[PDB]
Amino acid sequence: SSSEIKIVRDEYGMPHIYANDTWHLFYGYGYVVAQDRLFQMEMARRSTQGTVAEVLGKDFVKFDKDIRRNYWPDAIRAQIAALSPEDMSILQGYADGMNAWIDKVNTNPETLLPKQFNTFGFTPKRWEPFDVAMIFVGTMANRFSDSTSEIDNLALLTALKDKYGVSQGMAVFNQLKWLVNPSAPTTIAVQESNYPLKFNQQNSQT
């Protein structure tokens, strides 16, 4: 059967999904996530879009503005609109599977709603593809691959220039924040290869 999804859980409660097409496969995944981690997933969804203060109040307004200023949601929706049908099925299947379990939860809340929803006073809403993509962007692109301190570096550099003069302030900056250090222990041994590019380390752009 093309319409069948079989879910088998092991002795540690880990789900295994058996399905025959992409959309059913990721629908199974979505559905067991909604069974196991629905409050965690809903707070992660609010965390990555900056909608926490709607359910938790004034202490999260700064947090939500900071999240919203760091991305451009239309750019993400445009990436989703360019997917082929096979790729789009992954994301749509997953949201649909979650929604099927959220439909049962919102229909029978006396036994199926996660206690924390009662505790924090609000109920789960339905997901779309954008929401599944934003779980991965808000937490992996948007802050595990977004590190810079360039503005603060320039403030340190300026402060070292005042202390030690212009040429000397730059050489101390290179002492404290070197661009490369040839004695660093590397995962690839020098007999296999080295990085070919060389970079300016003089702030030549000013």
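One-based numbering along the sequence shown.
### Query
Which wins on mean Cα temperature factor, 104 to 112 or 83 to 91?
In the deposited entry, the stretch with the higher C-alpha B-factor mean is 104 to 112.
### Query
Mean C-alpha B factor from the entry: is it higher for 177 to 185 or for 58 to 66?
Stretch with the greater average CA B-factor: 58 to 66.
### Task
By the entry's C-alpha temperature factors, tell me which of 162, 42, 146, 150 sits highest.
Answer for 162, 42, 146, 150: 162, with the highest C-alpha B-factor.
### Message
Which third, lowest, middle or highest, does the C-alpha temperature factor of residue 47 belong to within its own chain?
### Response
Middle third - that is where residue 47 ends up once the chain's C-alpha B-factors are sorted.
### Task
Can you work out whether the C-alpha temperature factor of residue 122 puts it in the lowest, middle or highest third of the chain?
For residue 122, the deposited C-alpha B-factor lands in the highest third.
### B-factor third for the C-alpha atom of residue 140 within its chain
Its C-alpha B-factor belongs to the middle third of this chain's values.
### Query
Can you tell me which third, lowest, middle or highest, the CA B-factor of residue 197 falls into for its chain?
Residue 197: CA B-factor falls in the highest third of its chain.
#### Entry: Cα B factor band for residue 190 (lowest, middle or highest third within the chain)
Highest third, going by the recorded CA B-factors of the chain.
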